[PDB]
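Asks: Supplied in structure tokens, the structure appears directly below.
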Amino acid sequence: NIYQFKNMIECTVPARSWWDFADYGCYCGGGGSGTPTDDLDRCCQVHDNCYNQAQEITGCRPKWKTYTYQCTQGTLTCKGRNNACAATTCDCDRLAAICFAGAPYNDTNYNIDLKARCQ
Numbered sequence: 001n002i003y004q005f006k007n008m009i010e011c012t013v014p015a016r017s018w019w020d021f022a023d024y025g026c027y028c029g030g031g032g033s034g035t036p037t038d039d040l041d042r043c044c045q046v047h048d049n050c051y052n053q054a055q056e057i058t059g060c061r062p063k064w065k066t067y068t069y070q071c072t073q074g075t076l077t078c079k080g081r082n083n084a085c086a087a088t089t090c091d092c093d094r095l096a097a098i099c100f101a102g103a104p105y106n107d108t109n110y111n112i113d114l115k116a117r118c119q
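Using our numbering, read the sequence shown as starting at 1 and increasing by one per residue.
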């Protein structure tokens, strides 16, 4: 669920408040269309698409599905006790958190005008 995803981000990117990723570019946070503004935005686009794929699983709701994962000593892991839905969304979240940690963060792309620049 979103609470867990937030914690994954805090796990992989300790040097930044997770809020910095809540409204970035065309894909991070609200909005899910247009051309990704940079590498970080591409991470969010992939995450968006991943959730769309997971929701094709019967009764699978990415934003609310509670999965089993662990974050210790710099390692993020999705546990083996997850059913197909939980396993899928945990992986979507894990890959995005890892993607975030290796992508540059440009302050100029934070809180941009989605209606005007993401068409």
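Don't be surprised by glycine CBs; every beta carbon is placed ideally from N, CA and C.
1. Going residue by residue through the stretch 22–78, where are the continuous alpha helix (DSSP H) segments of at least 4 residues, counting only ones entirely within it?
2. Could you work out which residue in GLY102, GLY30, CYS44, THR35 is closest to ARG117 when comparing CA atoms only?
3. Kindly indicate which three-state DSSP category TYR110 falls into: helix, strand or coil?
4. Taking contact to mean 3 or more Cβ pairs, one atom from each stretch, closer than 8 Å, check whether the stretch 47–56 and the stretch 88–101 are in contact.
5. With the cut-off set at 8 Å, would you say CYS26 and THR37 are in Cβ contact?
6. Cutting at 7 Å between CB atoms, please list the residues of its own chain near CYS90, excluding the five before and the five after it.
7. Assuming contact is defined by CB atoms lying nearer than 8 Å, are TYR105 and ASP23 in contact in what I supplied?
Replies: To lay it out plainly:
1. Runs of the alpha helix (DSSP H) inside the stretch 22–78: 39–54.
2. Taking the sequence shown and counting its residues from 1, one reaches residue 117 at position 117. Nearest C-alpha to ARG117: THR35.
3. Residue numbering aside, residue 110 sits at position 110 when the sequence shown is read from its first letter. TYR110 falls in the strand class under three-state DSSP.
4. Three or more beta-carbon pairs drawn from the stretch 47–56 and the stretch 88–101 are found closer than 8 Å, and the two stretches are therefore classed as touching.
5. Within the sequence shown, numbered from 1, the residue matching residue 26 stands at position 26. Within the sequence shown, numbered from 1, the residue matching residue 37 stands at position 37. It is a contact, given that the beta carbons lie within the stated cut-off.
6. Along the sequence shown, read from residue 1 onward, the residue named residue 90 stands at position 90. Once the five neighbours on either side are set aside, the close Cβ partners of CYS90 are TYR67, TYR69, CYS78, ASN82.
7. Here residue 105 corresponds to residue number 105 of the sequence shown, with the count starting at 1. Here residue 23 corresponds to residue number 23 of the sequence shown, with the count starting at 1. Result no, Cβ atoms of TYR105 and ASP23 do not sit closer than 8 Å.
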